[PDB]
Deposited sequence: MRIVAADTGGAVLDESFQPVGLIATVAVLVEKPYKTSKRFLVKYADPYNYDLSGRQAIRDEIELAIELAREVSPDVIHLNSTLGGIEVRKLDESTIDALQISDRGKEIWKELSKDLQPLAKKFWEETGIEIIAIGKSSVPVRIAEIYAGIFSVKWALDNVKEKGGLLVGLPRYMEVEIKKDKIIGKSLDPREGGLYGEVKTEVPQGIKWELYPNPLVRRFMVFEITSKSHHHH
């Protein structure tokens, strides 16, 4: 099985650990043994002019996934929204009401459907490939999320007198001479990881430590030696 998935993750945090905006949207291609990805795309947001409320994220995700899908022709696309695995081309007012989610989630996806359902329909007509709202259950979505963490640190390294990056849930990053490695901290997930090439700038220090206000999320902090 070959799967393309996408996710947005990583946030700039202020000094009191409040998120300012998100950083990276990533689409990944995942193949057996489903532990990493060797082919991926990234789109960076502007975290300082980001609306957390919101929903530019899912639109960017489905677009980027389709873009990667046109190149690598996967069996299926996984979208990071836990709706029970329903096909996005089948999302109308009727099927959304039947979904087992909150009344808030329903009214929101009714709004999203107006743009996303035609998009998925067209792509399915072209290829037969479904875009499914699978979310939390998907390992490829989790690998995308890890890559969003990695690319968030890459963005931070490239844009830093100091920066705080809130990583996606329970993952760590490690800096090497010419690359950034990201790993899940949850061994129950079976060793999920990512690796991205980058030049590491000089004159800066970094630290990885727990977000004190959001348990199981780590902060990657960059400081200038200046």
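- Where are the gaps relative to the deposited sequence? Counting from residue 1, the stretches without coordinates are 161 to 163, 230 to 233.
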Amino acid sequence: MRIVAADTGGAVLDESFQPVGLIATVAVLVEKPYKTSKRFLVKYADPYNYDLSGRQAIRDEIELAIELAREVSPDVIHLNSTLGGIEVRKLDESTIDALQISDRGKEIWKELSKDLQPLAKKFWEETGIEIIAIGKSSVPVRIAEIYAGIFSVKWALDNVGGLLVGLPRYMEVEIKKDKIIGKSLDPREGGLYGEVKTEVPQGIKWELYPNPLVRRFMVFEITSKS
From here on, numbers count along this sequence of modelled residues.
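- Task: Between 205 to 213 and 13 to 21, point out the one with the higher average CA B-factor as the PDB entry records it.
- Result: Looking at the recorded C-alpha B-factors, 13 to 21 comes out higher on average.
- Message: Tell me which stretch has the larger mean Cα B-factor in this entry, 64 to 72 or 45 to 53.
- Response: It is 45 to 53.
- Query: From 114, 78, 142, 154, pick the one with the largest CA B-factor in the entry?
  - Reply: Among 114, 78, 142, 154, the PDB entry lists the largest C-alpha B-factor for 114.
- Highest Cα B-factor in the deposition, which of 134, 131, 108, 148? Of the candidates given, the C-alpha B-factor peaks at 108.
- Query: Thinking about Cα B factors across the chain, which third does residue 39 belong to?
  - Reply: Lowest third - that is where residue 39 ends up once the chain's C-alpha B-factors are sorted.
- Task: Going by the recorded CA B-factors, say which third of the chain residue 127 sits in, lowest, middle or highest.
- Result: For residue 127, the deposited C-alpha B-factor lands in the middle third.
- Item | B-factor third for the C-alpha atom of residue 164 within its chain | As the PDB entry reports it, the C-alpha B-factor of residue 164 lands in the middle third of its chain.
- C-alpha B factor of residue 195, ranked within the chain: lowest, middle or highest third? Answer is lowest: the recorded C-alpha B-factor places it there.
- Going by what the PDB entry lists, where does residue 177 fall on CA B-factor within its chain: lowest, middle or highest third? For residue 177, the deposited C-alpha B-factor lands in the highest third.
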